[PDB]
């Protein structure tokens, strides 16, 4: 099916358009093209600095009646410098204003790590360590819960939370709403079997980010593995008469994940959506799972001493 049921009773499109690194000059057209070719979920974030332009596309397509608001599933994320309970509503409201929306379908805590509030997204001391916030995950969560109760967001969730941090929210005293989604990096080099099973066993839907391995990541290195160029994955694609990207997108779909490939290229936006017409075998799936090497696109080194840094733990 095209959507998965969340624990808030709403349905989430299992394919979304990513927007991290989408240049502000190209992302309006990218989102317009995506909605024209069937996408109904857009993944956004304030820290991506392009929500105004994403919003321009969404508003044009609503105005043109290409789509109804209820048919769209718009996701954004609370940045690290806004974990303070008094800053969360404003941060949500800024995103809503930029996206030109009156609600979000899903609002995520972008990272478990809270940073010192200010203009700077990564406030630094003088050695390059990020300056933390003394706010913890649970008070931030309560602030996310207020957003539901004020009508600004239909669902709340988390991102880059490890097993122990998901468990800490689930066990929060007085918990009012469980997280609906945990959005985490996931692809055949970082298969995440343990965290995904835990999350799904608790009724939390997992969204897979960087499913193509983020070839446009700013810190890429030549020696780095490349999913898109992996001859083993190309072979599975050839067998199925599909591209390597389409296999990489179908793979998490068949693990009951949501997946959010990014492109600003019209032809690739369309290609990436054409993944509902073929099936990977269980052997294919087990084969792709076997390529795991615990390789992460997203592990900022600048936050490794933060107390809530999520990736010291086995998962």
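What we label the rigid core is the largest C-alpha set whose atoms superpose within 1.5 Å from one form to the other. Numbering follows the first chain given and starts at 1.
**Student:** Between 131 to 139 and 218 to 226, report the one with more C-alpha displacement in 4 other deposited structures of this protein relative to this form after a rigid core superposition.
**Tutor:** Looking at 218 to 226 and 131 to 139 in 4 other deposited structures of this protein, the bigger mover is 218 to 226.
**Student:** Looking at C-alpha RMS in 4 other deposited structures of this protein with the core superposed, is it 79 to 87 or 122 to 130 that drifts more?
**Tutor:** Stretch with the larger root mean square C-alpha distance in 4 other deposited structures of this protein: 122 to 130.
**Student:** Hey, which bit's got the bigger mean C-alpha B factor in the entry, 238 to 246 or 105 to 113?
**Tutor:** Per the PDB record, 238 to 246.
**Student:** Where do the C-alpha atoms have the higher mean temperature factor in this entry, in 256 to 264 or in 57 to 65?
**Tutor:** If you average the C-alpha B-factors of 256 to 264 and of 57 to 65, the larger mean comes out for 57 to 65.
**Student:** Among 95, 135, 182, 162, which residue carries the highest C-alpha B-factor recorded in the PDB entry?
**Tutor:** So the option with the highest C-alpha B-factor is 135.
**Student:** Based on what the PDB entry reports, which of 173, 123, 213, 188 has the top C-alpha B-factor?
**Tutor:** That would be 173.
**Student:** Looking at the entry's B-factor column for C-alpha atoms only, identify whether residue 12 ranks in the lowest, middle or highest third of its chain.
**Tutor:** Middle third by C-alpha B-factor.
**Student:** Would you check the entry's CA temperature factor for residue 196 and let me know if it's in the chain's lowest, middle or highest third?
**Tutor:** CA B-factor rank for residue 196: middle third.
**Student:** By the record's CA B-factor, is residue 99 among the lowest, middle or highest third of residues in the chain?
**Tutor:** It falls in the bottom third of the chain.
**Student:** Going by the recorded CA B-factors, say which third of the chain residue 146 sits in, lowest, middle or highest.
**Tutor:** Lowest third - that is where residue 146 ends up once the chain's C-alpha B-factors are sorted.
**Student:** For residue 227, does the deposited CA B-factor place it in the lowest, middle or highest third of the chain?
**Tutor:** It falls in the top third of the chain.
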